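Given next, in structure tokens, is a single chain: the form deposited without 1,2,3,4,5,6-hexahydroxy-cyclohexane.
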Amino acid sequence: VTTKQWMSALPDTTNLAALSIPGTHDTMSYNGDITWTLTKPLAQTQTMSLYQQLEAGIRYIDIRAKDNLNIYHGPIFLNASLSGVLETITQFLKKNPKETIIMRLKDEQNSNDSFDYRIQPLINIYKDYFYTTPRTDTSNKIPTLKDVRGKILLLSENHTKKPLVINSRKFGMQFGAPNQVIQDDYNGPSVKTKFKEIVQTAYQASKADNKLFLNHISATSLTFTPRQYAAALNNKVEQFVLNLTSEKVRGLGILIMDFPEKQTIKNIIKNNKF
């Protein structure tokens, strides 16, 4: 099947936690302002544009923004706006209505509750593309593909530390909620150690089916750039996934990468049973 519509070929009854999903770390860092070009080797995490990543099979995106509604990487403007991102995601879901996108939306300047209010008018404009549940519901249960067809599963991360609530609807869930298991050891780990943590988290994900596993392949170091880590790790992780597929082991969770290759993305998708 085509990477452009791989999820459409899956059963409506399949739970989101029972899948192996390819994702990108700092999705929008493939372009930026003059500061981005000057610090490029340290700041860059992708080569494909948002739209190219979606067509390549990426179903998990990591979007960082500030209350001015622009996309950032710390003090670095990424030449993109949240409205631009939402229109792109929405156009993709309109063209391929059976796919679902998991989106981490982070407040790049955690210190205010103004971000929460600012993004509301924008999200509300595209509410028909967001998986939503009643405000009076704390079940935080992971949905099946039936409930998220052609929709965005939002994972909010901000100062409030609570899910985005607009009116009487709760848009998605909170990033870091009890139903999620996160491996994000980015602070200069050795390749050997980082690989162990990736493998261990993938192993645990395969055994669980009621939790979302966000497994970060990405990392940074003063002496090692995101590009260098990815060149060492993506292939190792790709071979590991290929082996587990032979062993009939599925549902490895969300594998979040920097500079993923078309090949690697396809092999992670192939881990799911069609």
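In this text, residue numbers run from 1 along the sequence as written.
- The deposited model assigns a higher average Cα B-factor to 8-16 than to the other stretch when 8-16 and 261-269 are compared.
- When the mean C-alpha temperature factors of 233-241 and 56-64 are read from the deposited coordinates, 233-241 comes out higher.
- Note on the listed residues 73, 106, 159, 194: the highest Cα temperature factor in the record is that of 159.
- Between the residues 153, 93, 165, 80, the entry's highest C-alpha temperature factor is the one at 165.
- Among all modelled residues in its chain, residue 142 ranks in the highest third by Cα B-factor.
- Residue 216 sits in the lowest third of its chain by CA B factor, as recorded in the PDB entry.
- In this PDB entry, the Cα temperature factor of residue 206 sits in the middle third of its chain's modelled residues.
- Among all modelled residues in this chain, the alpha-carbon of residue 87 has a temperature factor (C-alpha) in the lowest third.
- Placement of the Cα temperature factor of residue 99 within the chain: middle third of the modelled residues, per the deposited record.
Another form exists, solved in complex with 1,2,3,4,5,6-hexahydroxy-cyclohexane; not displayed. Remarks below refer to it.
- With the partner omitted here, the residue from 87, 113, 184, 137 that has a non-hydrogen atom within 4.5 angstroms of 1,2,3,4,5,6-hexahydroxy-cyclohexane in the entry with it bound is 184.
- Taking 227, 64, 236, 211 one by one, only a single residue has any non-hydrogen atom within 4.5 Å of 1,2,3,4,5,6-hexahydroxy-cyclohexane in the entry with it bound, and it is 64.
- The closest heavy atom approach of residue 59 to 1,2,3,4,5,6-hexahydroxy-cyclohexane in the entry with it bound falls outside 4.5 Å.
- Among residues of the shown chain, residue 104 is one whose heavy atoms approach 1,2,3,4,5,6-hexahydroxy-cyclohexane to within 4.5 Å in the entry with it bound.
- Contact annotation: 1,2,3,4,5,6-hexahydroxy-cyclohexane lies within 4.5 Å of heavy atoms from the stretch 104-112 in the entry with it bound, the single such stretch among 104-112, 147-155, 125-133, 78-86.
- Counting a residue when any of its non-hydrogen atoms is within 4.5 Å of 1,2,3,4,5,6-hexahydroxy-cyclohexane in the entry with it bound, there are no hits in 113-146.
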